[PDB]
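Just the one chain here, the form deposited in one PDB entry, laid out as structure tokens.
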């Protein structure tokens, strides 16, 4: 019983964090094989105007770097741009490099953040990519380069390196190809996130987890079809549901079909009336069907 946002264990990723310093800048890098990846704004010399990174790379002095894993310093062999990242070749292979892949995540998908400072992991928590390609993170100065990851069958899938905070406190990173999520710029400019819609498939997973945990006060016999729900959604900050197949086994272990939950969502979207669902007083879209399945049943 119970539902908690949790992280997958971080041990295999902790061995890959390094400290990357250049001039007055300090942030984190990811050391895989003989390469260190880090945000390219570590070689920026200003914090207000817009930076010509290609120029900053052209006048770089390789010896002004300090890259360290604990008290082990890594010598820099070369540096090339990889989108919003630097790909730094170093003179030592990380022997504790895990089996790993890169993947770019999509809105609604969950992953793990390893929040790092001074090249050392400090905290680990789960996040979910919002429709405006931001995450609900907790990062302060020095967190850039903190990685986001999932673990499947012992392979680490890296999907995020932290870059920046938007003017509201939303957090933005790049994938490991150096492509910024949501097309935000890795510049200190005025850019505003788009509006964030609640991901309806995730809200449904949360409500099925509530039913499995014995929370049923918000459920009724009232019912609404997918199509009638999708028309209300676009005027009420929620996404449309298109495939309900992922909810088949949920409806089978609880006896409650999606259409009933969709009608409950409409009532709950305003308020819970002073009541709570698994501790929440607002709908949450941070849980995927996959997370719920694992926590509810281990599969």
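Shifts are known only where both forms have a C-alpha. Under this definition, the rigid core comprises the largest set of C-alpha atoms superposing within 1.5 Å between the forms. Numbering follows the first chain given and starts at 1.
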Subject >> residue 65 dropped from a third or more of the other entries of this protein >> reply: no
Original post:
Relative to the other compared entries, is residue 270 without coordinates in a third or more of them?
Top reply: yes
**OP:** Please work out which of 168 to 176 and 155 to 163 has the higher mean CA B-factor as recorded in the PDB entry.
**Re:** 168 to 176
Subject >> 109 to 117 versus 197 to 205 - which carries the larger mean C-alpha B factor in the record >> reply: 197 to 205
Original post:
Reading the B-factor column of the entry, which of 256, 233, 32, 38 has the highest value at its C-alpha atom?
Top reply: 233
**OP:** Among 241, 57, 26, 67, single out the one with the highest C-alpha B factor in the record, please.
**Re:** 241
Original post:
Mind checking which third residue 42 falls in for C-alpha B-factor across the chain?
Top reply: lowest
Subject >> Among modelled residues of the same chain, the CA temperature factor third for residue 224 >> reply: highest
Original post:
C-alpha B factor of residue 288, ranked within the chain: lowest, middle or highest third?
Top reply: middle
Subject >> For residue 7, the third of its chain into which the C-alpha B factor falls >> reply: lowest
**OP:** Please rank the C-alpha B-factors of the chain's modelled residues and tell me whether residue 210 sits in the lowest, middle or highest third.
**Re:** middle
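Absent from the display: the form deposited in another entry. The rest refers to it.
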Original post:
Only one of 75, 194, 83, 169 shifts by 2 Å or more at CA between the shown form and the other one when the core is aligned; which is it?
Top reply: 169
**OP:** Please check if residue 58 moves between the shown form and the other one, taking a CA shift of 2 Å or more relative to the superposed core as movement.
**Re:** no
Subject >> residue 271: Cα shift of 2 Å or greater between the shown form and the other one (core-aligned) >> reply: yes
**OP:** Superpose the two forms on the rigid core, then report in sequence order the stretches of at least three consecutive residues whose Cα positions each move 2 Å or more between the shown form and the other one.
**Re:** 167 to 169, 270 to 274
